[PDB]
There are 2 protein chains.
Amino acid sequence: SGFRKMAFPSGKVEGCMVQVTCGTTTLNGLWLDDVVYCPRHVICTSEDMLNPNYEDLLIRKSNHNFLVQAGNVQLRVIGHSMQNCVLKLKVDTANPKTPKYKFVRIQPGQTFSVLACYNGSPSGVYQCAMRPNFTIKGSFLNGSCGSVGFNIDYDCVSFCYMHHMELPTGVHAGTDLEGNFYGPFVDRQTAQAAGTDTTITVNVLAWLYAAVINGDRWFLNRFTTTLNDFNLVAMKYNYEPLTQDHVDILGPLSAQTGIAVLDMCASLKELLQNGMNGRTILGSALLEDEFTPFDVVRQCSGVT
Amino acid sequence: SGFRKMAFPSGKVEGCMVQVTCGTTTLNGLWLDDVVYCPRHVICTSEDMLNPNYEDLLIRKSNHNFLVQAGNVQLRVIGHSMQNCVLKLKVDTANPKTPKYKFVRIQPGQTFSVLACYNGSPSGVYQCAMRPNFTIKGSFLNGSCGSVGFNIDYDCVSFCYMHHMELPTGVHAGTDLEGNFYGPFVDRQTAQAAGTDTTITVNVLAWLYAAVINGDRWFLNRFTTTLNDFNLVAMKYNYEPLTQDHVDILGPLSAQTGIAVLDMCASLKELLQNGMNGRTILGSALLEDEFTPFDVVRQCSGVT
Ligand SMILES: COc1ccc2nnn(CC(=O)N(Cc3ccccn3)c3ccc(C4CCNCC4)cc3)c2c1
Ligand SMILES: COc1ccc2nnn(CC(=O)N(Cc3ccccn3)c3ccc(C4CCNCC4)cc3)c2c1
């Protein structure tokens with residue numbers, strides 16, 4: 001028993017982290033096979049980060065201007081190309097530590113682990129969710145760019161995120177591994193609206209089921225609701241509308257606990273309307289939305 | 001910016017995890033150099049877990065009864081011994097992946113990362129604190145025994161914890177790497193009192209400083225207090241008494257923010273007496289105590 005904000009074991013990703021330097025800018029890259037992936041803003045100075053013309057900036061760069069270091073050893077760059085907002089530096093050596101991997105573009109509301117890195121060196125690992133508004137609430141300082149987000153299924157690492165920037169609001173934005181930003185964000189130092197964020201309803205319900213499994217049951221009530229009635233409450237509290245697809249994904253947890261999904265929605269409705277009254281659920285005084293139904297089942301079944 | 005419950009990168013520890021089987025019991029072991037460390041209750045059946053005589057049980061076991069597997073390869077056990085509540089299985093092969101390591105006995109209130117494992121395979125990593133009452137609030141299912149807690153300083157892993165049991169209350173108990181339990185716990189399936197837990201005051205203050213650094217400042221007030229006045233409030237709210245040693249450890253954060261430690265105590269005093277009034281600090285609706293002052297400085301300075 002017990003429920004924690006658990007990250008995937010990071011070893012397979014630690015073996016891919018490298019340092020990429022271009023001019024006076026240093027950030028992290030991801031070395032998979034014979035390619036190193038990093039944010040294209042590695043080619044920017046502070047005088048052009050306000051409005052960079054990446055095509056023009058990259059033209060002034062040659063393979064020898066990209067310094068790639070894996071621990072203490074230097075990699076030889078034999079090709080460079082820009083794909084969307086990422087640079088792909090072809091190197092003459094395949095990473096011997098390359099795990100089985102995929103590049104995936106996650107959906108908003110899905111979770112992943114972030115391995116924060118500085119100068120190609122791992123500093124820490126944490127779990128987070130891609131917000132409905134396509135930002136992440138991470139922990140990133142200057143130099144963390146190029147740190148990646150990922151999920152692991154047995155021996156396969158699915159890379160879903162590469163860190164590119166911190167918005168003036170302090171939230172984080174980045175791309176998939178093809179260099180496509182999540183959300184409307186551009187890699188420019190300009191004011192950028194993230195838009196209204198909402199609470200990931202299906203994840204809050206999944207966490208409520210995790211709470212019941214682990215003994216926190218005070219919030220269970222004698223009520224039920226309908227999807228339409230529940231969604232009227234969800235709209236008022238800036239929660240994502242719950243769909244039958246969400247109810248279907250909650251199926252295993254509903255079956256395990258014997259608590260019908262609409263009954264759990266009624267518990268959530270009462271928690272939204274009444275608050276916690278100074279009580280806690282799984283050590284939290286707020287409704288947690290960073291665990292998907294898959295995460296709750298994985299953590300509750302001990303999947304390795 | 002941003003503040004997260006960050007765990008250390010787990011790769012160095014993942015390379016040490018092995019599966020240990022004895023009879024019909026399977027749990028995790030830690031392979032460092034030519035020794036595998038695991039909880040001694042690996043030799044117990046369910047008929048004797050109620051009151052085991054470990055000395056008598058171990059006498060009926062030989063080197064060949066301890067099956068140790070590192071991934072797909074079997075290790076040859078050439079010696080076995082019991083040290084307190086851990087077994088040390090000498091193997092004929094030194095772990096090629098053994099990092100630089102130390103065994104340390106952490107103090108209550110200190111933090112560490114746990115790499116939860118099942119059948120010698122890593123499932124997840126999370127950060128936690130050793131409670132003042134020497135329990136940990138982890139996430140452990142059957143088979144997780146032998147999973148370890150650790151801290152990392154550059155290239156050195158300091159192992160501080162090995163998981164042994166879940167108390168009937170759902171909290172977790174274990175040992176240092178010499179097999180000495182933290183707290184009064186015994187490795188028996190009996191009722192065991194954990195004792196009164198308290199909030200780690202120095203960690204809450206460290207987290208309040210982390211909040212100020214990251215912009216959450218609403219809780220700062222026009223008041224100050226004394227150590228004696230603050231400790232009267234701490235006693236009433238089951239917080240650990242703050243000492244000058246704690247004030248001294250908060251020095252760097254007090255210097256960085258320009259907020260005197262006793263002024264931050266006055267903010268904490270008002271938060272204890274008035275509550276959060278429906279507000280949050282670093283995304284939390286309660287006062288967080290699982291970040292030490294060292295952790296706040298590390299996370300805020302990007303130490304790798
Ligand atoms: C300063 O504190 C942080 C904290 C967390 C951070 N996460 N990401 N970033 C980076 C970031 O947002 N930008 C803005 C931006 C502008 C243009 C393109 C893309 N992004 C950025 C990018 C590059 C540079 C380099 C210029 C040349 N000299 C070396 C730094 C400086 C800032 C962080 C910065
Ligand atoms: C069942 O769910 C959990 C969940 C989280 C858990 N963390 N730890 N433990 C293990 C645990 O507390 N005990 C109690 C105990 C008794 C004696 C000595 C030490 N500890 C335990 C130990 C060994 C065995 C084995 C007997 C032979 N068959 C294979 C299991 C069974 C339970 C967990 C169990």
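In what follows, every chain begins at residue 1, and chains take the letters A, B, ... in the order their sequences are listed. Start at 1 and go down the list; that is how both ligands and their atoms are numbered.
Below 30°, between 30° and 60°, or above 60°: for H172(A) and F140(A) the angle between ring planes is above 60°, a perpendicular geometry. In this pair, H41(B) and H164(B) present their aromatic rings perpendicular. The plane angle is above 60°, beyond the 30 to 60° band. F103(A) and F159(A) have perpendicular rings, their planes meeting at more than 60° on a 0 to 90° scale where under 30° would count as parallel.
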Within the protein, flag every N or O under 3.5 Å from an N or O of ligand 2, and note the pair and distance.
{"residue": "ligand 2", "atom": "7 (N)", "partner": "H163(B)", "partner atom": "NE2", "Å": "2.9"}
{"residue": "ligand 2", "atom": "8 (N)", "partner": "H163(B)", "partner atom": "NE2", "Å": "3.3"}
{"residue": "ligand 2", "atom": "12 (O)", "partner": "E166(B)", "partner atom": "N", "Å": "3.0"}

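Distance alone, capped at 3.5 Å, places no donor-acceptor pair between the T304(B) side chain and the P122(A) backbone. Side-chain atoms of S147(B) come within 3.5 Å of backbone N or O of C117(B) as a donor-acceptor pair.
Within the 4.5 Å cutoff, the side chain of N84(A) has no heavy atoms near those of the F181(A) side chain.
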